[PDB]
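>>> sequence? don't have it. structure:
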Ligand SMILES: *C(=O)[C@]1([C@@H](O)[C@@H]2C=CCCC2)NC(=O)[C@@H]2CCO[C@@]21C
Ligand SMILES: *C(=O)[C@]1([C@@H](O)[C@@H]2C=CCCC2)NC(=O)[C@@H]2CCO[C@@]21C
Ligand SMILES: *C(=O)[C@]1([C@@H](O)[C@@H]2C=CCCC2)NC(=O)[C@@H]2CCO[C@@]21C
């Protein structure tokens, strides 16, 4: 398990209308800010976004696997996509398979989607294959530089969850070396996936 | 762990502690370290607990398969040979099996020390485990061929008790089994806490 | 590091082996027969882990019996020695048998072969596997005479085993000696 | 990993030690007195490298004699035991003496102390250093009775040493047993 | 494996109603081998201070003798017994002076305050990181077992009888889950008037 | 870390980033990596933070020691500071992973010495050090001119350290500028809002 | 190694250095690090030379395999080349320490994909890789414009790879330029005499 | 590279005369970080038993999926739901099937057998099976085991009959032990999932625990 | 551990959780990680508890001896320099990641001192295992010249963030507010108010306990002796 070309932190949190996921659009080569405007999330289904923090090569391989499996089940079901729970279960089983083959995908993969029943589904699978469904999931330093800023507002209004995620990513930009650039926000709602305009979440620089 | 088995004129006495412990913590004190294999055969469990339990129940399966395939039951030498061959096929896989195949067959009492390493040693007195040295000391010092069933069972029980006292890896209750021509007999599970003589001031 | 010692005579071979089997620091048995009678004519003393020695002995004995039954002829001592050597040469490179052996056979002529886990085959008048060779070879060199009688041979083997007992730090609690002659492999006591 | 065994009685202490000194795989001597008579009253059985044991024994004996000469009083068995413990505690942290000892002394009362290279001091009715404890402690537990006679004590020590010989893989070729009583340290033979 | 695990130890101290109770396993073990069942890990440091050293027997005796050297010198130079807090700081100093070659013993100081007679528990790690639990201070290879049992079992304001009751039962539960610990227990109940030294029976395996 | 000391015609511009990094975590986001050894002598610090701060305090001690027996306290002070940085680094090369660019003004004028982590001290007109200096080596070579004044060099150093901040994860925060002329030393802080470039320069 | 592929409006400029290094020794001083996978698809190679050459030949095989069953041989060929580079790198990540920038022209127009040593493929307008790319990251960010034509991008890439050649020991030699437009691919070699900068840019 | 995350978390099982009370902390956490505050680790395998896995969560999920697969196969090929003893043997064999790539999970199989009696089986990662009256697994196993030993005295006196502790008393014992572990074990925390298998079937309760 | 000190308009607010762990087990649930250095300086420390306690006691003794001999108020940068030099001379072996928080003539100053001796003046600092969970709150809620109460709440919430998010942190939030006794008087005496258990998270308390404690262990007493306590 080795991370080289890494995607930065991800903070996903359920709010009233859906799941709000934020992450920088920068892939870092070690410590270098190598690639910009590279979304860490991939819309694998109209209501299922998949992000990952960690090696982005392993997240592109995982997205290839996910898209292939979704395409298989879509051809079988004449257009119907896999559900967010089914997609996350496949990611859990394929990442555990990779770990069991001793070639783990070194990326913590957040699956955020709306199941057809309308229930928000936010789950995460770590490189080892340990998966968990939660109302809010931070990956990378978004997990560490979080505190109660998400948990207090999770499942709340979009404004409250957005403010909490913005606080967490202000902390990330301040105290994460790999945090570079705008923080893209993606809303996975039962009405689809909307990429809100990326926001520069500036740390409080009156510290000096 | 501490398991012992000795052949005296009256049969095979197999006494085993019941402690499973890794590092310092005592994971259990009620571990059954004698797994029956045939109506008149058992296999002791020492070393790796999972390995001994899986391979002794697999040997029980193989013995039953042989007895149903062929009317003659699988002998104690043949059973220990099956087990030792299977365990040797996994040499280098860090299996840990210490196991005395104690049974009465057509050729009489038979104890075969079987180890993961593939050693299959016939003998009339064996002890396997961290505290097996203490059980060996008590046995070799107090063992007689002409001991009654009660005397032999108490000898095995006291050897296991002294092993439990002097070894951190041994403890719990001494499960004593008497194996005779007629079949395996499970004497009793005696708590070594009760066996300890607290009137003594030396230990 | 078990003490097996072979001594070839004009018409016999005295093959002795450490009779003490062991588990870690415990001498489990004091009469374990480490010498494997692959054939009625060949006794293979084996030094190594008890499991490896037992499995290799059983494989070789089964193959010798299978050769005797497939073809109505028994293996020679050179043929058996080179079959063991082929087995060890195969093993070392892939799945090694960690057993150093002394093959003593009588097929009308006495034969003693120094064999090791790698597969070095050498007919020897006397030899040993384990650390006992460091103690017994010299005594053989000092006291072996061509045409040695069977009684003188037993005396010399007893001297070698006594040297193992006295000077080897891990002194075997006893030895099992077998005479391999025209009458077959007979276990003997050297006193 | 040398076998030293101590057995404390009502008015005596039987201290036995492996009498076989060794260099690598060679048993250099079969009567090496591993028990060090630091005083006329105290015999210190030592298990460890022969050099470390000899140097530590000489240091302790010199210090005991120096205490006896500087002050017109001989060290007690508790005082000597704790002096040895202090020496080992100093050594372990800086320049460790890799010797595990059994200090048997009679100063009007029998005393047997389990001492190790680290410096754990414990008065014991019986004990052993080396792997022999794994073989002898149980026999003591099985056969030691309070008020044991000196003849019963010799029988029990003989039983323990026989267990070392029979079950310990590296069986000492012999033991040197010393009786530490009101008459001093006298070497004895247990047969 | 580990040097601390070499000599299995299990020292407990509990706070009662103006009384403390320091219990300890009585086993001197060498790794997996029981050498003795008469090993003293609890030492009286002062009339109202007892020190249980859970760890390497070598360092149990070394630390006990060094703190008897320090406490005796302090009481000679000051004509006064050492306070439980003063002795706690003394043990902290003793261990941190060897911080980088630490004694492999965790001390457990069970004392009564000189005037108020209140319980005073003070358990540190190998290097004097003293804690001052108002309820129970545990140490030795049974540390997790003792923590678990005493968290549920200890109750405030236990009289000397009840304090002995959990000290003994809770220590028995701890030692019986530690392979290298046990072989008898000793419980010192320190009260305003008397110290009650009860040798309790634990499993001898 | 990005260190960039420029010896100008009329002073010394020591630009630095403000990011202390513990792996991917930034313990200090507003780090003063340029330490005021003397009122007109500053030490930009890269490598181990503890080793570089010890180096700065020890060089303050060594330069005060230089003044124990002399009255020309502002004479050869920058060269002596570089020499003591170099002697401490070579003396403690096993334990100190510190590189220091010591620049300032003294009787000899403006000076900039780059002592490497190896302990190699070179008087440099343009000196750079740290992980972020790598990303801006070509930028410096293309945009550095010997004739730059302290203001021109200050702007160029802000731009270069900002580029290094953008491209280096280990380098970030604000651009700590120190402008040392004969009159004294002026500290400035170029916050990310006031930095000439942004992450947007990446990919155009 | 310096790799710099620029996706221009009217083509792709793949600039590279020509220095193969075995430690401090240069076994090949005129290396063709940009391999002609197809007449209008080239792979600039960084990392292990053997792994990158195997990658180039295997991608030639994979793109010919793509053409076994199709007649639109110049369709999605650059994207497929990047995908096969990425699948070989991830499949052989334990054994292949190869990074490849595959750029060229196909039915989709000019394209530049940067597959990293990790096996991360990103379509890039401006892609750089190798040890020398680090030294020129800031230079590229300051001098790269999205609107550069193939000639402007060729000049800028020559300048950037020359700066990397100057500042990197692993990067050196001539600037191997490949200009891929719809018409085809033109190779150029910018020798050190014809390179815009020299070692003299260091220290001014 | 170690393929396990060594996730902490305690599971305390208590077999009764006619019940089995397994209480496991929901929290999923390793290396001072809580991946999931709630992550159920006790699963109703069938109408006869429940399995409680503590350890690597990837291995918990994989082993629970494998056990559900094997129990479904047993229901299809042997025409009845696998019994608690049969599930226990299957758990032992399933864990041992990976003896050389062990599931780093400690298993408690608690159920109600054909006799109606409670049956708890404790496991190690490599598949040691043990028919137990009580067991503790996970990070706080060392903490919780003395609690159960005191509550029952089975370790103190092995051969004495296991005390006839009522279902509610056993549930309270598991709750108190899990709370003590949560107080002491950092990994144990968040919510307790207290599952009970009785003749009435599988019942589940969620009790808060100290998050800190 | 979660320790976090910030500088508010009138002073410094230091905070620390009260959980000491002996590995994966919570040894202490009321651990004191805020160490009094001088009347104006408090250090909240993480790392090795023994190292933190001893180094804080030693530097407190040094600055008490300083204030006695010289009659001078210890300086926060002085304490930080002494701490950093001591931690550097031990090459990081004294694992005391300290946060000095005090008020001297230069005003309220918060310094970090890494175990290896690297110090840094910062407005808000968080150290320990939960240092990231704390610093997030500190990053989002600290601003120049905030009043005492807002900084108290921010530092307590950062320690609480470390407590909940980090396993190595837990139990209560102890605060220590260094402030001038008269905030309007910059020359007034620098006093401190220590708020022990400033936050006592109710969701983090023991919520269940067997009222009848079930125990089937019987104590058999081998020997009893009673000895006087004097
Ligand atoms: C920079 O060199 C750097 C900083 O910690 C820096 C050190 C010296 C001055 C104080 C802050 N050192 C490091 O170890 C990291 C990695 C590279 O740059 C750092 C941020
Ligand atoms: C460049 O990547 C480099 C060259 O050998 C290069 C490899 C790929 C194309 C052929 C020549 N690879 C290396 O291992 C050295 C070190 C860094 O750059 C190299 C010169
Ligand atoms: C905190 O860092 C921590 C505490 O023990 C802490 C140490 C310093 C001040 C006293 C209490 N140090 C540790 O070793 C553990 C590991 C997690 O953090 C601890 C709780």
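Right, received. Where do you want to start? Numbering: from 1, shown residues only, chains lettered A, B, ... in the order given. Ligands and ions are numbered 1, 2, ... in the order given.

>>> wait, what's in contact with residue H:78?
Contacts for residue H:78 (CB atoms under 8 Å, 6 or more residues apart in numbering or on different chains) come out as none. To be clear about C-beta, it is placed using only N, CA and C from the backbone, and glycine gets the same treatment.

>>> list the buried ones in the longest helix along chain E?
Selection of the longest helix in chain E by residue count, based on DSSP state H, yields helix E:57-78. Neighbour counts using 16 or more other CB atoms under 10 Å in any protein chain shown place E:57-64, E:66-67, E:70-71, E:74 of helix E:57-78 among the buried residues.

>>> ditto for stretch I:193-208
Using 16+ other CB under 10 Å as the test for burial, stretch I:193-208 gives I:195, I:198, I:199, I:201, I:204, I:208.

>>> quick one: that stretch near chain A?
No: shown here: stretch I:193-208 not in contact with chain A (CB under 8 Å from any CB of the partner chain), separated by at least 10.6 Å.

>>> before we move on, back to that, closest to chain B among the buried residues of helix E:57-78?
Using CB to the nearest CB, residue E:57 comes nearest to chain B of the buried residues of helix E:57-78, at 14.8 Å.

>>> which SS class is the residue lying closest to that closest one once chain neighbours are set aside?
Nearest in space to residue E:57, with sequence neighbours left out and distances taken as CB to CB, 6 or more residues apart in numbering or on different chains, is residue D:120 at 3.6 Å. Using DSSP: H, G, I helix; E, B strand; the rest coil as the criterion, the local structure at residue D:120 reads coil.

>>> pretty sure residue D:120 sits against residue E:59.
No: the criterion here is CB atoms under 8 Å, and residue D:120 misses it with residue E:59 at 9.2 Å.

>>> okay if I get the buried residues of stretch I:193-208 as a markdown table plus distance to ligand 1 and secondary structure?
Compiled in a markdown table, the buried residues of stretch I:193-208 are given as follows (distance: CB to the nearest ligand atom, whole Å; DSSP: H, G, I helix; E, B strand; the rest coil):
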| residue | distance to ligand 1 | secondary structure |
| --- | --- | --- |
| I:195 | 33 | strand |
| I:198 | 32 | strand |
| I:199 | 32 | strand |
| I:201 | 34 | coil |
| I:204 | 35 | helix |
| I:208 | 47 | coil |
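
>>> what helix or strand is the spatially closest residue to residue I:165 that is not a sequence neighbour on?
If the residues on either side of it in the chain are set aside, residue I:165 comes closest to residue I:133, at 3.8 Å by CB to CB, 6+ apart. Residue I:133 belongs to helix I:131-141 when elements are defined using DSSP states H and E.

>>> same deal with residue B:127?
Taking DSSP H and E as the definition, residue B:127 sits inside strand B:125-128.

>>> show me what that strand is packed against.
Here strand B:125-128 touches strand B:3-8, strand B:97-105, strand B:108-115, helix B:132-142, going by 3 or more CB pairs under 8 Å, 6 or more residues apart in numbering or on different chains; DSSP states H and E.

>>> can I get those in CSV with mean neighbour count and distance to residue C:56?
Formatted as CSV, the helices and strands packed on strand B:125-128 follow (neighbours: other CB atoms under 10 Å in any protein chain shown; distance: least, CB to CB, whole Å):
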stretch, mean neighbour count, distance to residue C:56
strand B:3-8, 28, 27
strand B:97-105, 28, 20
strand B:108-115, 24, 16
helix B:132-142, 28, 27
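
>>> of all the ones you listed, which lies closest to residue A:5?
Smallest distance to residue A:5 across these (CB to CB): 46.8 Å, for strand B:97-105.

>>> smallest gap between chain A and ligand 2, at which residue?
In chain A, no residue comes nearer to ligand 2 than residue A:29, which is 14.1 Å away by CB to the nearest ligand atom.

>>> quick one: strands adjacent to the strand holding residue B:127?
Applying DSSP bridges, strand B:125-128 is found paired with strand B:3-8 (antiparallel).

>>> contacts for the partner strand?
Taking CB under 8 Å, 6+ apart as the criterion, the residues outside strand B:3-8 that touch it are B:12-17, B:33-34, B:44-46, B:98-100, B:102, B:109-111, B:124-129, B:132, B:135-136, B:139, B:143-147, B:152, B:155-156, B:159-160, B:163.

>>> residues in contact with residue 95?
All of this is about chain A. The neighbours of residue A:95, taking CB under 8 Å, 6+ apart as the test, are A:62, A:104, A:105, A:109, A:125, A:126, A:127, A:128, A:129, A:131, H:58.

>>> hm, I was asking about chain H
Shown here is residue H:95, whose contacts under the criterion CB under 8 Å, 6+ apart are B:50, H:63, H:102, H:103, H:107, H:123, H:124, H:125, H:126, H:127.

>>> go on, residue A:112?
Residues touching residue A:112, when contacts are defined by CB under 8 Å, 6+ apart, comprise A:12, A:19, A:21, A:48-51, A:84, A:120-122, A:186, A:188.

>>> so which residue is smack in the middle of chain B?
Nearest residue to the geometric centre of chain B (CA atoms, centre = their mean): residue B:44, 3.4 Å.

>>> one more: chain F?
For chain F, the residue sitting closest to the mean C-alpha position, by CA atoms, centre = their mean, is residue F:44 at 2.9 Å.

>>> of all of chain C, which residue lies closest to chain I?
The shortest separation between chain C and chain I is 31.3 Å, found at residue C:24 (distances taken as CB to the nearest CB).

>>> now that residue. Nearest residue, chain neighbours left out?
Excluding its sequence neighbours, the residue lying closest to residue C:24 (CB to CB, 6+ apart) is residue D:169, at 7.5 Å.

>>> could you give the number of residues near the one you found?
17 (other CB atoms under 10 Å in any protein chain shown).

>>> ok, back up a step: against chain G, how distant is the residue nearest to residue I:165?
In this structure, residue I:133 and chain G are 29 Å apart, going by CB to the nearest CB, to the nearest Å.

>>> that residue against residue I:2, yeah?
Yes: applying CB under 8 Å as the test, residue I:133 and residue I:2 come out as touching, 6.9 Å apart.

>>> and the helices in chain B, which stretches?
Read by DSSP H, chain B holds these helices, from start to end of the chain: B:49-69, B:76-88, B:132-142, B:149-166, B:192-195.

>>> buried sites along the longest one?
Along helix B:49-69, the positions that meet the burial threshold by neighbour count (16+ other CB under 10 Å) are B:49-57, B:59-60, B:62-63, B:66.

>>> distance from the chain centre to it, please.
Here the centre of helix B:49-69 is set off from its chain's centre by 16 Å, with CA atoms, centre = their mean, to the nearest Å.

>>> near chain H at all, that helix?
Yes: when contact is scored as CB under 8 Å from any CB, part of helix B:49-69 falls within range of chain H: B:49, B:50, B:51, B:53, B:54.

>>> do the fourth one as well
No: applying CB under 8 Å from any CB, one finds helix B:149-166 separated from chain H by no less than 11.1 Å.

>>> pull out the buried positions in that helix.
In terms of neighbour count (16+ other CB under 10 Å), helix B:149-166 has its buried residues at B:152-166.

>>> and which of those residues is nearest residue F:8?
residue B:166 (81.9 Å).

>>> and the helices in chain F?
Along chain F, counting by DSSP H, helices occupy F:49-66, F:77-91, F:131-135, F:137-143, F:150-167.

>>> for chain G, what's its nearest residue on chain C.
For chain C, CB to the nearest CB, closest residue to chain G: residue C:94, 24.2 Å.

>>> could you check how far that residue is from ligand 3?
According to CB to the nearest ligand atom, to the nearest Å, residue C:94 stands 49 Å off from ligand 3.

>>> same check, this time on residue I:153
For residue I:153, the distance to ligand 3 (CB to the nearest ligand atom) stands at 23 Å.

>>> the helix or strand that residue falls within - contacts with which helices or strands?
Under the assignment given by DSSP H and E, the secondary-structure element containing residue I:153 is helix I:148-165. The helices and strands touching helix I:148-165, judged by 3+ CB pairs under 8 Å, 6+ apart, are strand I:3-8, strand I:11-17, helix I:131-141, strand I:173-180, strand I:190-199.
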